[PDB]
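Okay, coords.cif now, which holds mmCIF, C-alpha atoms and all ligand atoms:
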```cif
data_start
#
loop_
_atom_site.label_atom_id
_atom_site.label_comp_id
_atom_site.auth_asym_id
_atom_site.auth_seq_id
_atom_site.Cartn_x
_atom_site.Cartn_y
_atom_site.Cartn_z
CA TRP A 1 17.41 9.50 -2.36
CA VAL A 2 20.09 6.92 -1.32
CA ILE A 3 22.23 4.03 -2.66
CA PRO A 4 20.28 1.09 -1.09
CA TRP B 1 9.33 -1.11 17.62
CA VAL B 2 10.11 2.56 18.56
CA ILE B 3 8.63 5.66 20.28
CA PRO B 4 7.80 7.74 17.12
CA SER C 7 1.09 7.45 23.02
CA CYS C 8 1.38 4.94 20.09
CA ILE C 9 4.43 2.72 19.45
CA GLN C 10 5.59 2.36 15.84
CA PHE C 11 6.94 -0.61 13.87
CA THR C 12 9.77 0.89 11.72
CA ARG C 13 9.65 -1.73 8.92
CA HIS C 14 5.81 -1.88 8.62
CA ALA C 15 5.41 0.52 5.61
CA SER C 16 8.23 -1.27 3.68
CA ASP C 17 6.70 -4.72 4.52
CA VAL C 18 3.27 -3.51 3.27
CA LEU C 19 4.81 -2.25 0.01
CA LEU C 20 6.74 -5.55 -0.48
CA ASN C 21 3.43 -7.48 -0.17
CA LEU C 22 1.69 -5.06 -2.55
CA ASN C 23 4.45 -5.75 -5.10
CA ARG C 24 4.01 -9.55 -4.50
CA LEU C 25 0.25 -9.13 -5.24
CA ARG C 26 1.15 -7.24 -8.46
CA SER C 27 3.65 -9.99 -9.57
CA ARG C 28 0.97 -12.68 -8.97
CA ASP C 29 -1.74 -10.48 -10.61
CA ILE C 30 -3.88 -10.70 -7.45
CA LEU C 31 -6.65 -8.06 -7.00
CA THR C 32 -5.23 -5.86 -9.81
CA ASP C 33 -8.17 -3.73 -11.04
CA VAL C 34 -6.73 -1.75 -13.96
CA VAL C 35 -4.61 -2.14 -17.10
CA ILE C 36 -2.50 0.89 -18.11
CA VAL C 37 -1.95 0.91 -21.87
CA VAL C 38 1.22 2.64 -23.08
CA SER C 39 1.31 2.34 -26.90
CA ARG C 40 1.66 -1.46 -27.67
CA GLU C 41 2.35 -2.40 -24.02
CA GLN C 42 0.01 -3.23 -21.09
CA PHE C 43 0.70 -2.97 -17.38
CA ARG C 44 -1.62 -4.40 -14.72
CA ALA C 45 -1.74 -2.56 -11.39
CA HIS C 46 -3.82 -1.67 -8.33
CA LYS C 47 -5.62 1.71 -8.68
CA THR C 48 -5.00 2.46 -4.95
CA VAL C 49 -1.19 2.14 -5.37
CA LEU C 50 -1.22 4.20 -8.61
CA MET C 51 -3.17 7.00 -6.83
CA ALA C 52 -0.89 6.86 -3.79
CA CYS C 53 2.17 7.45 -6.05
CA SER C 54 1.01 9.70 -8.85
CA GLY C 55 -0.82 13.05 -9.03
CA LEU C 56 -2.11 12.04 -12.49
CA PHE C 57 -3.62 8.71 -11.31
CA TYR C 58 -4.91 10.37 -8.11
CA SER C 59 -6.83 12.84 -10.36
CA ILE C 60 -8.00 10.06 -12.78
CA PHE C 61 -9.29 7.61 -10.19
CA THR C 62 -11.07 10.31 -8.03
CA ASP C 63 -13.06 11.23 -11.14
CA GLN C 64 -16.67 9.97 -10.75
CA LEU C 65 -16.53 8.28 -14.28
CA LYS C 66 -12.86 7.31 -14.74
CA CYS C 67 -12.80 5.65 -11.25
CA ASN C 68 -14.81 2.74 -12.79
CA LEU C 69 -12.67 2.15 -15.93
CA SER C 70 -10.71 -1.13 -16.17
CA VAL C 71 -8.43 0.28 -18.93
CA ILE C 72 -6.56 3.63 -18.98
CA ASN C 73 -4.74 4.72 -22.14
CA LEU C 74 -1.78 7.03 -21.64
CA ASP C 75 -0.68 9.80 -24.04
CA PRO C 76 1.02 8.20 -27.15
CA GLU C 77 4.20 10.21 -26.41
CA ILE C 78 4.71 8.17 -23.19
CA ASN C 79 7.56 5.68 -23.43
CA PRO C 80 6.61 2.10 -22.24
CA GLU C 81 10.05 1.45 -20.67
CA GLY C 82 9.90 4.79 -18.80
CA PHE C 83 6.44 3.81 -17.52
CA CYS C 84 7.67 0.32 -16.57
CA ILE C 85 10.58 1.84 -14.55
CA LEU C 86 8.16 4.22 -12.76
CA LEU C 87 5.61 1.48 -12.05
CA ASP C 88 8.42 -0.65 -10.53
CA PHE C 89 9.45 2.41 -8.45
CA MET C 90 5.84 2.85 -7.21
CA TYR C 91 5.82 -0.72 -5.89
CA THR C 92 9.40 -0.90 -4.52
CA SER C 93 10.83 2.61 -3.73
CA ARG C 94 13.66 1.64 -6.18
CA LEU C 95 14.29 3.66 -9.34
CA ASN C 96 16.34 2.11 -12.17
CA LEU C 97 17.77 5.46 -13.38
CA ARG C 98 20.33 5.07 -16.21
CA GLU C 99 22.02 7.38 -18.77
CA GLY C 100 20.06 5.62 -21.52
CA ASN C 101 16.65 6.00 -19.87
CA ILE C 102 16.86 9.24 -17.78
CA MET C 103 15.16 11.49 -20.37
CA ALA C 104 12.22 9.03 -20.80
CA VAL C 105 11.94 8.50 -17.00
CA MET C 106 11.87 12.29 -16.32
CA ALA C 107 9.28 12.97 -19.08
CA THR C 108 7.12 10.07 -17.77
CA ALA C 109 7.49 11.28 -14.14
CA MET C 110 6.44 14.82 -15.19
CA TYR C 111 3.33 13.42 -16.97
CA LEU C 112 2.52 11.11 -14.02
CA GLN C 113 3.15 14.04 -11.58
CA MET C 114 5.75 12.15 -9.46
CA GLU C 115 7.59 15.22 -8.13
CA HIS C 116 10.37 13.40 -6.16
CA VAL C 117 11.36 11.38 -9.27
CA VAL C 118 11.28 14.57 -11.40
CA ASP C 119 13.60 16.17 -8.76
CA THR C 120 16.22 13.70 -8.87
CA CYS C 121 16.16 13.30 -12.66
CA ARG C 122 16.72 17.11 -12.84
CA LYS C 123 19.67 16.85 -10.38
CA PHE C 124 21.26 13.86 -12.23
CA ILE C 125 20.94 15.71 -15.60
CA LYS C 126 22.41 18.97 -14.12
CA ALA C 127 25.49 17.00 -12.85
CA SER C 128 26.27 15.64 -16.38
CA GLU C 129 26.15 19.10 -18.12
CA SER D 7 22.18 -0.15 -9.74
CA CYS D 8 18.84 1.41 -8.55
CA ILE D 9 18.58 4.50 -6.32
CA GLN D 10 15.99 4.41 -3.52
CA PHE D 11 13.65 7.08 -2.11
CA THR D 12 13.73 6.50 1.69
CA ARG D 13 10.28 8.00 2.47
CA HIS D 14 8.43 6.35 -0.49
CA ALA D 15 6.91 3.35 1.42
CA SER D 16 5.71 5.64 4.28
CA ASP D 17 4.25 8.16 1.72
CA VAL D 18 2.40 5.29 -0.03
CA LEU D 19 0.95 4.06 3.28
CA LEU D 20 -0.10 7.63 4.26
CA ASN D 21 -2.05 7.92 0.96
CA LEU D 22 -3.59 4.47 1.46
CA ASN D 23 -4.82 5.63 4.89
CA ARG D 24 -6.20 8.86 3.25
CA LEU D 25 -8.12 6.66 0.74
CA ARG D 26 -9.51 4.61 3.69
CA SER D 27 -10.60 7.80 5.61
CA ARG D 28 -12.39 9.10 2.45
CA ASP D 29 -13.83 5.59 1.72
CA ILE D 30 -12.26 5.63 -1.77
CA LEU D 31 -11.85 2.24 -3.56
CA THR D 32 -12.56 0.28 -0.35
CA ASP D 33 -13.79 -3.17 -1.49
CA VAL D 34 -14.68 -4.98 1.74
CA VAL D 35 -16.51 -4.50 5.04
CA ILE D 36 -15.13 -6.42 8.04
CA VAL D 37 -17.91 -7.15 10.53
CA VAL D 38 -16.84 -7.55 14.16
CA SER D 39 -20.00 -8.21 16.23
CA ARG D 40 -22.15 -4.97 15.97
CA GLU D 41 -19.36 -2.95 14.31
CA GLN D 42 -18.32 -2.52 10.64
CA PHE D 43 -14.95 -1.51 9.24
CA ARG D 44 -14.40 -0.63 5.58
CA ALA D 45 -10.96 -1.43 4.14
CA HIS D 46 -8.96 -2.34 1.03
CA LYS D 47 -8.47 -6.14 0.63
CA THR D 48 -4.90 -5.57 -0.70
CA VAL D 49 -3.84 -3.72 2.49
CA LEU D 50 -5.54 -6.33 4.75
CA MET D 51 -3.67 -9.15 2.93
CA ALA D 52 -0.37 -7.26 3.07
CA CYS D 53 -0.69 -6.98 6.90
CA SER D 54 -2.41 -10.14 8.06
CA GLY D 55 -1.81 -13.87 7.52
CA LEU D 56 -5.55 -14.45 8.11
CA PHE D 57 -6.69 -11.95 5.42
CA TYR D 58 -3.91 -13.14 3.08
CA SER D 59 -5.40 -16.68 3.38
CA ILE D 60 -9.04 -15.42 3.05
CA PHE D 61 -8.56 -13.22 0.00
CA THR D 62 -6.36 -15.79 -1.92
CA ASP D 63 -9.25 -18.24 -1.59
CA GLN D 64 -10.95 -18.65 -5.02
CA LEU D 65 -14.47 -18.02 -3.42
CA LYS D 66 -13.78 -15.68 -0.47
CA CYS D 67 -11.69 -13.35 -2.73
CA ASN D 68 -15.03 -12.12 -4.24
CA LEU D 69 -16.93 -11.45 -0.97
CA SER D 70 -17.79 -7.82 -0.10
CA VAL D 71 -18.46 -8.72 3.58
CA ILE D 72 -16.26 -10.80 5.95
CA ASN D 73 -17.58 -11.72 9.40
CA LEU D 74 -14.96 -12.28 12.08
CA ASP D 75 -15.23 -14.79 14.96
CA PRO D 76 -17.73 -13.45 17.61
CA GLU D 77 -14.97 -13.59 20.26
CA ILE D 78 -13.08 -10.80 18.41
CA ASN D 79 -13.23 -7.46 20.20
CA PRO D 80 -14.23 -4.50 17.88
CA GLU D 81 -11.87 -2.02 19.63
CA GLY D 82 -8.96 -4.50 19.34
CA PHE D 83 -9.76 -4.85 15.62
CA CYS D 84 -10.04 -1.07 15.21
CA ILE D 85 -6.57 -0.58 16.84
CA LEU D 86 -5.06 -3.25 14.52
CA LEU D 87 -6.74 -1.84 11.41
CA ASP D 88 -5.33 1.62 12.30
CA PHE D 89 -1.89 -0.04 12.76
CA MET D 90 -2.16 -1.69 9.31
CA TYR D 91 -2.68 1.70 7.68
CA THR D 92 -0.23 3.79 9.76
CA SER D 93 2.54 1.58 11.36
CA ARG D 94 1.29 3.06 14.72
CA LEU D 95 -0.10 0.80 17.44
CA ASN D 96 -2.22 2.33 20.23
CA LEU D 97 -1.14 -0.24 22.87
CA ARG D 98 -2.54 0.52 26.36
CA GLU D 99 -2.89 -1.37 29.69
CA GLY D 100 -6.67 -1.42 29.16
CA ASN D 101 -6.56 -2.83 25.63
CA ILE D 102 -3.36 -5.01 25.48
CA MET D 103 -5.14 -8.34 26.09
CA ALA D 104 -7.75 -7.63 23.35
CA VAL D 105 -5.06 -6.34 20.93
CA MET D 106 -2.86 -9.46 21.46
CA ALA D 107 -5.83 -11.88 21.05
CA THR D 108 -6.93 -10.01 17.88
CA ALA D 109 -3.33 -9.97 16.51
CA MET D 110 -3.04 -13.75 17.13
CA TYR D 111 -6.34 -14.36 15.25
CA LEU D 112 -5.32 -12.00 12.42
CA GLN D 113 -1.82 -13.63 12.34
CA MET D 114 0.10 -10.32 12.80
CA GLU D 115 3.26 -11.81 14.33
CA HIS D 116 5.16 -8.52 15.03
CA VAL D 117 2.18 -7.12 17.00
CA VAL D 118 1.85 -10.45 18.90
CA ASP D 119 5.60 -10.14 19.73
CA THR D 120 5.48 -6.88 21.26
CA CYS D 121 2.24 -7.52 23.17
CA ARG D 122 4.01 -10.60 24.67
CA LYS D 123 7.05 -8.45 25.63
CA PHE D 124 4.90 -5.65 27.17
CA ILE D 125 2.89 -8.23 29.20
CA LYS D 126 6.10 -10.01 30.39
CA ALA D 127 7.49 -6.64 31.67
CA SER D 128 4.37 -6.01 33.88
CA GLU D 129 4.46 -9.48 35.59
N1 LIG E 1 -7.51 9.79 -0.52
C1 LIG E 1 -6.52 9.78 -1.07
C2 LIG E 1 -5.31 9.79 -1.76
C3 LIG E 1 -4.75 8.79 -2.63
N2 LIG E 1 -3.64 9.25 -3.25
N3 LIG E 1 -3.48 10.53 -2.78
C4 LIG E 1 -2.54 11.47 -3.20
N4 LIG E 1 -1.76 11.05 -4.25
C5 LIG E 1 -0.77 11.86 -4.84
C6 LIG E 1 -1.16 13.15 -5.33
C7 LIG E 1 -0.18 14.00 -5.87
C8 LIG E 1 1.14 13.51 -5.93
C9 LIG E 1 1.51 12.21 -5.45
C10 LIG E 1 0.56 11.37 -4.89
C11 LIG E 1 2.97 11.99 -5.68
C12 LIG E 1 3.40 13.34 -6.28
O1 LIG E 1 4.50 13.73 -6.58
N5 LIG E 1 2.28 14.17 -6.43
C13 LIG E 1 -2.60 12.76 -2.59
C14 LIG E 1 -3.63 12.97 -1.63
CL1 LIG E 1 -3.70 14.47 -0.85
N6 LIG E 1 -4.56 12.13 -1.25
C15 LIG E 1 -4.49 10.89 -1.83
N1 LIG E 2 0.87 -11.87 -3.27
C1 LIG E 2 0.82 -11.57 -2.18
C2 LIG E 2 0.76 -11.22 -0.84
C3 LIG E 2 -0.16 -10.33 -0.17
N2 LIG E 2 0.00 -10.39 1.18
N3 LIG E 2 1.01 -11.31 1.37
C4 LIG E 2 1.47 -11.81 2.58
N4 LIG E 2 0.76 -11.37 3.67
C5 LIG E 2 1.04 -11.78 4.99
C6 LIG E 2 1.06 -13.18 5.28
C7 LIG E 2 1.40 -13.62 6.57
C8 LIG E 2 1.66 -12.63 7.53
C9 LIG E 2 1.62 -11.23 7.24
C10 LIG E 2 1.32 -10.78 5.96
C11 LIG E 2 1.93 -10.46 8.48
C12 LIG E 2 2.22 -11.58 9.50
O1 LIG E 2 2.60 -11.50 10.63
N5 LIG E 2 2.02 -12.82 8.88
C13 LIG E 2 2.50 -12.79 2.53
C14 LIG E 2 2.95 -13.19 1.24
CL1 LIG E 2 4.20 -14.31 1.14
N6 LIG E 2 2.51 -12.77 0.07
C15 LIG E 2 1.52 -11.82 0.14
CL CL E 3 7.66 10.43 -6.57
CL CL E 4 2.43 -7.26 12.33
#
```

Entire entry expressed as structure tokens:
Amino acid sequence: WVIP
Amino acid sequence: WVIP
Amino acid sequence: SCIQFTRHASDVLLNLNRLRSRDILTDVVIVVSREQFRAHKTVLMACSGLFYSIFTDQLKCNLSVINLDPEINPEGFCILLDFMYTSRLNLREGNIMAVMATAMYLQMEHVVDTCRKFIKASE
Amino acid sequence: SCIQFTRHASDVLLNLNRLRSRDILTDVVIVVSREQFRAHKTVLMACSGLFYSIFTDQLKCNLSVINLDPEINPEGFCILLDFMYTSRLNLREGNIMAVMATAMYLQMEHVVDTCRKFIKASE
């Protein structure tokens, strides 16, 4: 999971 | 396009 | 010896979400209490262990309407349906419990994982 | 303020290709001369300007069989259909001309681009  |  | 187009899978998913927004080739309505959500069975199966089980069933595969358990929260479902079609999860303090419960029911393990990690960080 | 699962779009596409291999929820047969290819209209539209045009048509949207132009090469179509469902393009010296012609007909601009670049490098 990432900060887009 | 890339070499996978 | 294939070559691979990096953005292809994302581009496909973007067009599947455009089809959903325009209600094109949607083949099921998911009923969550008083709310209805139109979707494509193939996308639902590709994202959810629950829908994969439902739509591989020789009878349920032909249903146009699927009613979820009355304990399922419509907003939580909405957030997860948006995630299915975009890879983006609108996870907030006010919705995390509903999102995690919905993801457990829908059998969306990666969403459950992250909900568990975000909850553990706040305790 | 969304979070994003990096592998989600690829995971969706992998499951769409699994559905195709098992012939689950396929809703169209593409006929290319003597050969037939089963697929999902939603994936075809998401990948191809030609299929996007065909399946948004108020009459063609309901057809179960689509016949391509007799000049279309079945292997070239097969290679492009595999690309649609995997992001992988089996581009070879022996098939590049057929793949490029098929990609132009199907309106798959990124495939056309690369075919043009690979041909330019060999001349
Ligand atoms: N054919 C087919 C096919 C269509 N969909 N699909 C799967 N869908 C799925 C099943 C379980 C889970 C998820 C997705 C996300 C998650 O957390 N669990 C799996 C397989 Cl092995 N195959 C298929
Ligand atoms: N709704 C919808 C929807 C479904 N599919 N789709 C598009 N599919 C497409 C159209 C043109 C081209 C390609 C894909 C690859 C290419 O080279 N050209 C576009 C839009 Cl703007 N919208 C949609
Ligand atoms: Cl997931
Ligand atoms: Cl393309």

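Rounded to one decimal, CA of residue 102 in chain C and CA of residue 124 in chain C lie 8.5 Å from each other.
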
Checklist entry - Mind listing the residues within 7 Å of ligand CL 4 (chain E), only C-alpha atoms and all ligand atoms counted, as a ChimeraX atom specification? => result /D:53,114-117

Checklist entry - In Å, how far is it from atom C7 of ligand LIG 1 (chain E) to CA of residue 91 in chain D? => result 18.5 Å

Checklist entry - Given a cut-off of 10 Å, what residues near ligand CL 3 (chain E) show up using all atoms listed in the file, put as an NGL selection string? => result (:C and (52-55 or 86 or 89-90 or 93 or 95 or 109-110 or 112-120)) or (:D and (11 or 13-14 or 17-18))

Checklist entry - Mind listing as a ChimeraX atom specification all residues within 9 Å of (5.3, 8.6, 13.3), counting only C-alpha atoms? => result /B:3-4 /C:8-10 /D:92-94

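Distance-wise, CA of residue 82 in chain C and CA of residue 101 in chain C end up 6.9 Å apart.
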
Next on the checklist: For residue 29 in chain C, find every residue with an atom within 9 Å (counting only C-alpha atoms), except residues of its own chain fewer than 4 positions away, and show them as a count of residues only.
Outcome noted: 4

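Here the question is which of C:30, C:37, C:49, C:106 gets nearest to residue 63 in chain D using only C-alpha atoms, and that residue is C:30.
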
Item to check | Residue among D:97, D:58, D:23, D:66 lying closest to ligand LIG 2 (chain E), counting only C-alpha atoms and all ligand atoms | outcome: D:58

Next on the checklist: I need every residue sitting at most 10 Å from the point (-6.7, 3.1, -23.5) (coordinates as in the file, only C-alpha atoms considered), written as a list in words.
Outcome noted: residues 35, 36, 37, 38, 39, 42, 69, 70, 71, 72, 73, 74, 75 and 76 of chain C

Starting from 5 Å padding per side, set up an axis-aligned box that covers all listed atoms of ligand LIG 2 (chain E) and hand over centre and edge lengths in Å, one decimal, as JSON.
```
{"center_x": 2.0, "center_y": -12.3, "center_z": 3.7, "size_x": 14.4, "size_y": 14.0, "size_z": 23.9}
```

Item to check | C:103, C:57, C:12, C:19 ranked by distance to residue 2 in chain B, top pick (using all atoms listed in the file) | outcome: C:12

Checklist entry - Which is closest to chain A among C:64, C:7, C:96, C:59, if we use all atoms listed in the file? => result C:96

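Minimum distance to chain C across D:56, D:125, D:20, D:105 (counting all atoms listed in the file) occurs at D:20.
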
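With distances restricted to only C-alpha atoms, D:31 is the closest residue to chain C from D:60, D:85, D:127, D:31.
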